[PDB]
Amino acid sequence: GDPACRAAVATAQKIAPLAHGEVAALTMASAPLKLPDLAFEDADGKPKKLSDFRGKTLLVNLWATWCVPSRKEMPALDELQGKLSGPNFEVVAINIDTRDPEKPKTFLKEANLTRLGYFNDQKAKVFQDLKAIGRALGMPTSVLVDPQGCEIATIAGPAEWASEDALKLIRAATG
C-alpha cells in the first residue's frame, strides 16, 4: 500500500469489464502498488527512469529479441502508440537483450517500427525489479501504469495490443 495508489485501483475496478477478448489475460490491480522506478536508457544512451514519465498513463512492456511472442507483438505496440499516444498516454517498451546491443535496433528497423523510440536496459535489471514485486514471471510482460507511477493492471503474456479490445480498454483507463 501507498495511499497515492488508490486512484489506480479505482481505475482498475472501473475498467475491469473491458479486460476481455484479445486482452483477457490482463490482471487488474486490486491493491495499491507503486512500481519500482525502473532505470533504463533511451536510443541515444541517455539515462531514463519511469518517474520521468509521470503525468501520463503508460503501457510499460519488456521485450527481447530472443523471445518470440515479445517480438511478435511489437508491431501492435507501435500501432497502439500511433493511435493513442498524446498528452495522457504513452507506450514505453524497454528492450532487455543483454548481448549484441545492435540486434534489437536492427529488429525494429527491419520491421519498420519507428514510433516506440528505442528504450533499453542491457543489464535486464528492470526484469528483476518487476520480478521482485511479483510482476514478472516470463516474457513478454507488460504493465499498465497510472500518471502517479502506480499499477493499474499487469499481463504475463503477449496480446494484440492494437485490437479494438485493447484500444477500448486503454481509452477507458486514460481519459
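Heads up: residue numbers just count along the shown sequence, starting at 1.
For the pair 71-79 and 101-109, the mean Cα B-factor is higher in 101-109. The question of which stretch, 21-29 or 5-13, has the higher mean Cα B factor is settled in favour of 5-13. Taking the deposited Cα B-factors for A132, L116, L58, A64, the highest one is held by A132. When the CA B factors of the chain's modelled residues are split into thirds, the value for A136 lands in the middle one. Sorting the modelled residues of the chain by their CA temperature factor places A43 in the highest third.
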